[PDB]
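One structure is given below, encoded as structure tokens.
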Amino acid sequence: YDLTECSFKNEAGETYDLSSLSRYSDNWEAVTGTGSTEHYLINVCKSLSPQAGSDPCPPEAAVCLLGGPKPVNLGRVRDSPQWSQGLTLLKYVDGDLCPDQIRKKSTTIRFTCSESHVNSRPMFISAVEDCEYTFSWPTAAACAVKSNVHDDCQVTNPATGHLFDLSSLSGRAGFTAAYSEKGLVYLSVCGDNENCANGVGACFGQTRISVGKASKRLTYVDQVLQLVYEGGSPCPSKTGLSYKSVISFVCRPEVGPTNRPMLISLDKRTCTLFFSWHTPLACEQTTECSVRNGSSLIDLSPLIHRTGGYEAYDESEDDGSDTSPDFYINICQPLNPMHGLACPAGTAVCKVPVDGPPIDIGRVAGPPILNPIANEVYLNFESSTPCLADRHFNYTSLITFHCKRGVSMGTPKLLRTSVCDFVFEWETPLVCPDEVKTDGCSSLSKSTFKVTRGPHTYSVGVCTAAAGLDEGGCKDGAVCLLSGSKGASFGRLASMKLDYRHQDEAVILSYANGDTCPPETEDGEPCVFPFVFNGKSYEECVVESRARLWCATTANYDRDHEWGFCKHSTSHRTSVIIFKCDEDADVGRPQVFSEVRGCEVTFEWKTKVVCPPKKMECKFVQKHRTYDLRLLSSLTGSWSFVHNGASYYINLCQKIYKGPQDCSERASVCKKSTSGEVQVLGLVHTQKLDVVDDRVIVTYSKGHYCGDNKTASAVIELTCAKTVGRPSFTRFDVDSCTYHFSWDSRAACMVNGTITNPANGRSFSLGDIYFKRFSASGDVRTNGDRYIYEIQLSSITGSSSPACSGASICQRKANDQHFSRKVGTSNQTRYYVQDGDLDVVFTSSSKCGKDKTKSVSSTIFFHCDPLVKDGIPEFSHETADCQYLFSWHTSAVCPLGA
């Protein structure tokens, strides 16, 4: 890899830095189609990082294909990445030669500027077997590298938006960078210096030669912060010039984090002091957020918020108003602050209670780790600011990842808030193992399309026959070519009906085995058809004035005379139609994404008809109150409560299914103008959720243009009461087309026997798991440490293995006559009622540990998921080895939740 610069210059006077994705430890695994036995370990500007696993890729491979047979070199790094055809292309050549047996395998990366997800992986688009691979990489490091200057220590990155704050080095004591011991430079950043005069940035302070004249004008270029300190002392050797101390701030991992500013060079020729610095502050973090379990890459990358973090919920049996801003979580980067939020540098998980200092309860320890026993992934967060007990130099925070299928990525929830460890559980569909199968399509087979890019007009259609009548060439072809020669079948209709991939929010759909793609070459160069030769438009190879069937390598011989003998392989035409989601049009227009040899068509079909509901998440928590409105969530149809001639159908936590016709039903709330056109309120993305003064801010913008610059966005009020409250239609402003509406909701604000929760004075069904007639059906086991634990639920009977006295939970290392543990004793047990969970607990039965006398409260949680159909639990984590916590997903748990 003769060093290729990972940056280039555009024709329109822009520059692009893709070096923010050169990974050296653990190279990028491509996002392939769901149900692939092939894996693509690629690396952007470097020949692959040693993937010491069993036989790796050849040492000079930059892009490489794993899975089934040997790793095949897909190409090494030839040149720097180029701007070509409107995208950012990066070309690898010199792979392990294909069935063509002339060309070595090549790969093109298509980088695209996107601030959508923080760690975006190179996605898999086209698999043509003839030496060509195309990866779409919709990263954030593919945007133009612009310089942002700000008037304090807080400066932004205009490309990505990651914060840059040297306010953690804002102290007038300063820092002693050292050259060769004649002078020791007392320099300070973002403030004044200790060992020198008023308003000084840097000096060697035995004589106090002030170089700095300090200000907070922090500028920034492509992951390099720099402070500018001009207007210093004059120069003894040369012309009166000003002394200046401009300090560079690079990123580094944690090896000696806050060490010396370390003067690297001093200019006596032109009177400059060049200070380095190696920070964890100037860094959009090099913390890889992927785990490797054999074949699959179980990843947490798209769970990272770009403009802050996650409003979580604390679980504690209490009487309080529940501390509404109490937690803010990030996964594999620190937080980004906001109005009413300030907690210090490298805070991964923050905590902001009432009368709240900035307490950091977590920082990123390392990559996410899976328990190989169960199906859940953990992340553990150590800290520097210590526990209220000072035995440890940290507040510890752990997050548990259980599978919860659907499309709602969800909010993290904190469980029972323990002594010195905050153990959160986040239910995401991203943990669930990948399984979609080939059944649905229907709604986009009603029309065929003939879209062109260049001389050739590709005639495509999904789930039906494309061009049979137009040319007569392809009767079975779902994707065909209209050049006027014939229907060139790019793939059979029943050959493939390919299905979803996750992080693109797109459905890849391919066809193949239709017709032999043009492979005609003697030197690798393919021949483009029809060429005009001897005044003849030749659609195939021709024996004219030469020995073998031979082709011209241009769309004309007679002008260029660029030729060679044909050698046709057994390679076939292959189509790809990628169903990217967009809000633009129901029926999108699929344009040609890419093209190679005329052997591959690719279609970015920007549809609205095949991509998920993507309903508003209605768990927000703010201003000393919790809010979860899943009882107003109306699944099929909606409420109708507007008079004076209008069909009101409101969606919260939802879209509208079974709405009134001649409207945008799917989008949002719609209302009738009687015997005319029907009026929508707003769209799928526009549902803002905050609250002011016992009135939730719930609105629907960008629908019903009453004019073209201002539209109908209805501010609705909602208060909580004991009873279900009947709705009422409120007035509206004509000035701003802002409607109002009234609503009242409930949830806007001894376990022995069958379960009874007197919230409305109602009992429920526990007897399917309570085990009153089952002897040893509750004995479960999950691996915690070398010391294996064991749980039985709420049936005081049997005493199968231990001498454990009158307890439900007896945690045994498969030890039978020994006193295994005496933890889950059933002398007295209680629980309390939360809106989406319950906390069944014990109290004060059997002591352990350091004898605080109140450390016996083992907690079990039962989620509101009737989908499991049978209960196999895990154990979550320990509380000082005597009161524990673990979760259990069960079918018959949750009442009064719609």
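Letters A, B, ... go to the chains of the structure tokens in the order shown; residues in each chain start at 1; ligands are counted from 1 in the same order.
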
What's the 12 Å shell around residue 836 of chain A, counting only C-alpha atoms, without same-chain residues fewer than 4 positions away, as an MDAnalysis selection string?
chainID A and resid 313 315 413 415 619 626:631 747 832 861:865 893:898

Please identify the strand (DSSP E or B) residues within segment 463-554 of chain A (assignment by DSSP from backbone atoms) and present them as number ranges by chain.
A: 477-482, 491-492, 500-501, 506-511, 516, 531-533, 536-538, 542, 550-552

Selection export as a PDB file, in the first residue's frame, atoms kept: N, CA and C atoms:
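Once everything was written out, this is selection12.pdb:
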ATOM      1  N   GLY A 477     -38.473 -12.066 -18.687  1.00  0.00           N
ATOM      2  CA  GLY A 477     -37.596 -11.042 -18.090  1.00  0.00           C
ATOM      3  C   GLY A 477     -38.379 -10.036 -17.263  1.00  0.00           C
ATOM      4  N   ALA A 478     -37.988  -9.847 -15.999  1.00  0.00           N
ATOM      5  CA  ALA A 478     -38.534  -8.818 -15.077  1.00  0.00           C
ATOM      6  C   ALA A 478     -37.746  -7.511 -15.239  1.00  0.00           C
ATOM      7  N   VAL A 479     -36.468  -7.610 -15.617  1.00  0.00           N
ATOM      8  CA  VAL A 479     -35.601  -6.465 -16.027  1.00  0.00           C
ATOM      9  C   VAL A 479     -35.064  -6.776 -17.428  1.00  0.00           C
ATOM     10  N   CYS A 480     -35.324  -5.884 -18.390  1.00  0.00           N
ATOM     11  CA  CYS A 480     -34.928  -6.018 -19.820  1.00  0.00           C
ATOM     12  C   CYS A 480     -34.244  -4.734 -20.304  1.00  0.00           C
ATOM     13  N   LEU A 481     -33.600  -4.813 -21.472  1.00  0.00           N
ATOM     14  CA  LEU A 481     -32.862  -3.702 -22.134  1.00  0.00           C
ATOM     15  C   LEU A 481     -33.560  -3.359 -23.452  1.00  0.00           C
ATOM     16  N   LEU A 482     -33.876  -2.077 -23.659  1.00  0.00           N
ATOM     17  CA  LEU A 482     -34.387  -1.527 -24.945  1.00  0.00           C
ATOM     18  C   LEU A 482     -33.332  -0.583 -25.535  1.00  0.00           C
ATOM     19  N   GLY A 491     -32.516 -10.659 -16.064  1.00  0.00           N
ATOM     20  CA  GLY A 491     -32.822 -11.672 -15.039  1.00  0.00           C
ATOM     21  C   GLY A 491     -34.235 -12.206 -15.171  1.00  0.00           C
ATOM     22  N   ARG A 492     -34.407 -13.507 -14.919  1.00  0.00           N
ATOM     23  CA  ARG A 492     -35.714 -14.213 -15.002  1.00  0.00           C
ATOM     24  C   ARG A 492     -36.627 -13.698 -13.882  1.00  0.00           C
ATOM     25  N   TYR A 500     -35.329  -7.740   2.710  1.00  0.00           N
ATOM     26  CA  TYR A 500     -34.879  -6.533   3.464  1.00  0.00           C
ATOM     27  C   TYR A 500     -33.394  -6.596   3.853  1.00  0.00           C
ATOM     28  N   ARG A 501     -32.792  -5.416   4.054  1.00  0.00           N
ATOM     29  CA  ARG A 501     -31.580  -5.203   4.900  1.00  0.00           C
ATOM     30  C   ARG A 501     -31.877  -4.035   5.853  1.00  0.00           C
ATOM     31  N   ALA A 506     -33.906  -0.086   3.590  1.00  0.00           N
ATOM     32  CA  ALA A 506     -34.115  -0.365   2.149  1.00  0.00           C
ATOM     33  C   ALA A 506     -34.306  -1.870   1.925  1.00  0.00           C
ATOM     34  N   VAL A 507     -35.025  -2.230   0.856  1.00  0.00           N
ATOM     35  CA  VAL A 507     -35.242  -3.638   0.404  1.00  0.00           C
ATOM     36  C   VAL A 507     -34.441  -3.845  -0.885  1.00  0.00           C
ATOM     37  N   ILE A 508     -33.300  -4.535  -0.809  1.00  0.00           N
ATOM     38  CA  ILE A 508     -32.530  -4.981  -2.011  1.00  0.00           C
ATOM     39  C   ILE A 508     -33.362  -6.056  -2.727  1.00  0.00           C
ATOM     40  N   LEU A 509     -33.482  -5.963  -4.057  1.00  0.00           N
ATOM     41  CA  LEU A 509     -34.250  -6.918  -4.904  1.00  0.00           C
ATOM     42  C   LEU A 509     -33.497  -7.145  -6.217  1.00  0.00           C
ATOM     43  N   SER A 510     -33.023  -8.375  -6.434  1.00  0.00           N
ATOM     44  CA  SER A 510     -32.116  -8.767  -7.543  1.00  0.00           C
ATOM     45  C   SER A 510     -32.829  -9.735  -8.493  1.00  0.00           C
ATOM     46  N   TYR A 511     -32.354  -9.803  -9.739  1.00  0.00           N
ATOM     47  CA  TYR A 511     -32.649 -10.875 -10.728  1.00  0.00           C
ATOM     48  C   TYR A 511     -31.345 -11.243 -11.447  1.00  0.00           C
ATOM     49  N   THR A 516     -26.691 -14.015 -21.245  1.00  0.00           N
ATOM     50  CA  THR A 516     -25.213 -13.848 -21.164  1.00  0.00           C
ATOM     51  C   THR A 516     -24.880 -12.364 -21.332  1.00  0.00           C
ATOM     52  N   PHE A 531     -21.802  -0.818 -31.985  1.00  0.00           N
ATOM     53  CA  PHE A 531     -20.815   0.045 -32.686  1.00  0.00           C
ATOM     54  C   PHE A 531     -21.163   0.078 -34.180  1.00  0.00           C
ATOM     55  N   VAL A 532     -20.974   1.251 -34.798  1.00  0.00           N
ATOM     56  CA  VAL A 532     -21.101   1.470 -36.272  1.00  0.00           C
ATOM     57  C   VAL A 532     -19.733   1.168 -36.899  1.00  0.00           C
ATOM     58  N   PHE A 533     -19.674   0.155 -37.771  1.00  0.00           N
ATOM     59  CA  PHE A 533     -18.428  -0.358 -38.405  1.00  0.00           C
ATOM     60  C   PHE A 533     -18.735  -0.810 -39.840  1.00  0.00           C
ATOM     61  N   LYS A 536     -22.257  -0.199 -40.556  1.00  0.00           N
ATOM     62  CA  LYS A 536     -23.161  -1.232 -39.980  1.00  0.00           C
ATOM     63  C   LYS A 536     -23.170  -1.089 -38.454  1.00  0.00           C
ATOM     64  N   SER A 537     -24.358  -0.885 -37.875  1.00  0.00           N
ATOM     65  CA  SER A 537     -24.632  -0.950 -36.414  1.00  0.00           C
ATOM     66  C   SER A 537     -24.631  -2.423 -35.985  1.00  0.00           C
ATOM     67  N   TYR A 538     -23.508  -2.913 -35.438  1.00  0.00           N
ATOM     68  CA  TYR A 538     -23.294  -4.350 -35.106  1.00  0.00           C
ATOM     69  C   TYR A 538     -23.660  -4.612 -33.641  1.00  0.00           C
ATOM     70  N   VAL A 542     -18.342  -9.969 -34.667  1.00  0.00           N
ATOM     71  CA  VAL A 542     -18.363 -10.081 -36.159  1.00  0.00           C
ATOM     72  C   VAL A 542     -17.010 -10.564 -36.692  1.00  0.00           C
ATOM     73  N   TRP A 550     -14.613 -10.800 -33.491  1.00  0.00           N
ATOM     74  CA  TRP A 550     -13.875  -9.674 -32.854  1.00  0.00           C
ATOM     75  C   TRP A 550     -14.796  -8.458 -32.731  1.00  0.00           C
ATOM     76  N   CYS A 551     -14.609  -7.684 -31.661  1.00  0.00           N
ATOM     77  CA  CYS A 551     -15.416  -6.484 -31.325  1.00  0.00           C
ATOM     78  C   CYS A 551     -14.512  -5.251 -31.260  1.00  0.00           C
ATOM     79  N   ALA A 552     -15.101  -4.081 -31.504  1.00  0.00           N
ATOM     80  CA  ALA A 552     -14.508  -2.752 -31.237  1.00  0.00           C
ATOM     81  C   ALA A 552     -14.862  -2.341 -29.804  1.00  0.00           C
TER      82      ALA A 552
END

Please list as an NGL selection string every residue within 8 Å of residue 842 of chain A, counting only C-alpha atoms and excluding residues in the same chain fewer than 5 positions away.
:A and (824-826 or 828-830 or 856-859)

Could you pull the residues within 8 Å of segment 636-653 of chain A, counting only C-alpha atoms, minus those fewer than 2 positions along the same chain, as a count of residues only?
25

From A:299, A:881, A:100, A:471, residue lying nearest residue 785 of chain A [only C-alpha atoms]:
A:881

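The neighbours of residue 49 of chain A here are the residues that come within 7 Å of it, using only C-alpha atoms and leaving out any residue fewer than 2 positions away in the same chain; they are residues 24, 25, 26, 27, 47 and 51 of chain A.
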
Hey, can you spit out that residue selection with N, CA and C atoms as a short mmCIF file (atom, residue, chain, number, x, y, z; two decimals), in the first residue's frame?
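Below you can see again02.cif, which holds the result:
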data_model
loop_
_atom_site.label_atom_id
_atom_site.label_comp_id
_atom_site.auth_asym_id
_atom_site.auth_seq_id
_atom_site.Cartn_x
_atom_site.Cartn_y
_atom_site.Cartn_z
N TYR A 24 -7.47 0.74 12.11
CA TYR A 24 -6.18 -0.01 12.18
C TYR A 24 -6.35 -1.28 13.02
N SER A 25 -7.17 -1.24 14.07
CA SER A 25 -7.41 -2.40 14.97
C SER A 25 -8.26 -3.44 14.23
N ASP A 26 -9.52 -3.10 13.94
CA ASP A 26 -10.62 -4.06 13.62
C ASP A 26 -11.42 -3.55 12.41
N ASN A 27 -10.98 -3.91 11.20
CA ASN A 27 -11.48 -3.42 9.88
C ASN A 27 -12.99 -3.70 9.71
N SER A 47 -4.64 -1.31 3.41
CA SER A 47 -4.66 -2.78 3.20
C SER A 47 -4.93 -3.45 4.56
N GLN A 51 -6.54 -9.45 10.76
CA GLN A 51 -7.74 -10.10 11.24
C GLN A 51 -7.09 -11.42 11.45
#

Would you list the contacts of residue 170 of chain A as a list in words, taking every protein, DNA or RNA residue within 9 Å and counting only C-alpha atoms, but skipping same-chain residues closer than 5 positions in sequence?
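Contacts, with the query itself left out: residues 153, 188, 189, 190 and 191 of chain A.
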
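For the pair atom CA of residue 393 of chain A and atom CA of residue 256 of chain A, the separation is 17.3 Å.
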
Counting only C-alpha atoms, the residue of A:279, A:503, A:457, A:134 that sits nearest residue 33 of chain A
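Between A:279, A:503, A:457, A:134, the residue approaching residue 33 of chain A most closely is A:503.
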
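For the set A:199, A:71, A:253, A:455, the residue with the smallest atom-to-atom gap to residue 54 of chain A is A:71, counting only C-alpha atoms.
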